[PDB]
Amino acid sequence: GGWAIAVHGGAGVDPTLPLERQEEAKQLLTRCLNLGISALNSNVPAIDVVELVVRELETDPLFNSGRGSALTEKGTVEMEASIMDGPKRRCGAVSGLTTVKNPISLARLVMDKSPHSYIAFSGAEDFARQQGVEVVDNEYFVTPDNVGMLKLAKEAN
């Protein structure tokens, strides 16, 4: 009858993962889990906890969301996210974000402020600005690791 929490940073891990990166990933997951633990210890609602944890996962460049996101063929970032609150099954989702610092929080705003449950692309960028969330240049999201990764992706044939 108590609190529980899981966080993930993606499936599909290559067995040759270098130790270095293995340790970074674990350190990041710990940090995000501890943030969630701490919010749960002080009675923050489930719905606020998931958003809070995912914002941290988005901010950190290590995993594929937010800054550190995978790149499109043109070398830019297009992000998407969804959120659901169980007790009344309330849903919010966003796709095609290129400018919104924290997609998950935009998903949260779709859930709370929109008569719709899913807003995408220009509409969703327009909704961000109506809602006053932080917006940045697409380059913000693009890291050197991913520029390299996409070089390889495109070599993969």
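Note that residue numbering follows the sequence shown and begins at 1.
Higher mean CA temperature factor between 39 to 47 and 117 to 125: 39 to 47, per the PDB entry. The question of which stretch, 146 to 154 or 3 to 11, has the higher mean Cα B factor is settled in favour of 146 to 154.
When all modelled residues of the chain are sorted by CA temperature factor, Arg89 is found within the middle third.
When all modelled residues of the chain are sorted by CA temperature factor, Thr99 is found within the middle third.
For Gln130, the recorded CA B-factor ranks within the highest third of the chain. Only modelled residues enter the ranking.
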